[PDB]
């Protein structure tokens, strides 16, 4: 039988976009195509507001937009736990929490874009022990992104190389590089972002005057 799997996506989702959502679908199909996995659930976990960030909309709104975006999904849900904590928590800790939650046990994997993988190389950004635990105890499902070479990042990292069987590279012959940064600026300029992010999310942004 196929190993059951839960995909966990950490990040800003400021706001959640069609590409963030597309990421989950590509990862699930890739894992199923291997013939040894069955993805049973996806989790969108918005980052805590304390994460010293450019400036994110309040997490209350980011969780809301994700919930609304996921209404038409029968397997992906938002989980506010991470954003409800008194403060920012390292990713490996969110994985531990959601793993405990799950506790015949499905494997919990971190779903991210290849760019995140490139950041593992940034000095002080990630603790080597976290990089190791993330790839060894949980797993990584990385979706391709233009300009990044996931296979090379893996080969050049002693830690990732050693646990590469637990890293799954997925990529669809599509080219969709819509950045939430662009989305925010377009919204701020009164321009349309329709068809770049869900209609339900555009409605919420309009109703609550976000990204002005």
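Numbering follows the first chain given and starts at 1. Rigid core here is just the name for the largest C-alpha set that superposes within 1.5 Å across the two forms.
Novice: Line up the rigid core: which moves more in 5 other deposited structures of this protein, 44 to 52 or 24 to 32, by C-alpha RMS?
Specialist: Farther on average in 5 other deposited structures of this protein: 44 to 52.
Novice: Residue 108: absent from a third or more of the other PDB entries compared?
Specialist: Result for residue 108: never missing in the compared entries.
Novice: Between residue 86 and residue 87, how many residues of the deposited sequence have no coordinates in this entry: none, 1 to 3, 4 to 9, or 10 or more?
Specialist: Going from residue 86 to residue 87, the model skips no residues of the deposited sequence.
Novice: Mean CA temperature factor from the deposited coordinates, higher in 69 to 77 or in 104 to 112?
Specialist: According to the PDB entry, the answer is 104 to 112.
Novice: Mean CA temperature factor from the deposited coordinates, higher in 46 to 54 or in 142 to 150?
Specialist: Between 46 to 54 and 142 to 150, it is 46 to 54 that shows the higher mean C-alpha B-factor.
Novice: Which of these has the highest Cα B-factor in the record: 169, 64, 174, 180?
Specialist: In this record, 174 carries the highest C-alpha B-factor of the candidates.
Novice: Lowest, middle or highest third: where is residue 210 by C-alpha B factor in its chain?
Specialist: Residue 210: CA B-factor falls in the middle third of its chain.
Novice: Please rank the C-alpha B-factors of the chain's modelled residues and tell me whether residue 27 sits in the lowest, middle or highest third.
Specialist: Bottom third by C-alpha B-factor.
Novice: Name the third of the chain's ranked CA B-factors that contains residue 3, choosing lowest, middle or highest.
Specialist: Its C-alpha B-factor belongs to the highest third of this chain's values.
Novice: When the modelled residues of the chain are sorted by Cα temperature factor, does residue 159 land in the lowest, middle or highest third?
Specialist: Middle third - that is where residue 159 ends up once the chain's C-alpha B-factors are sorted.
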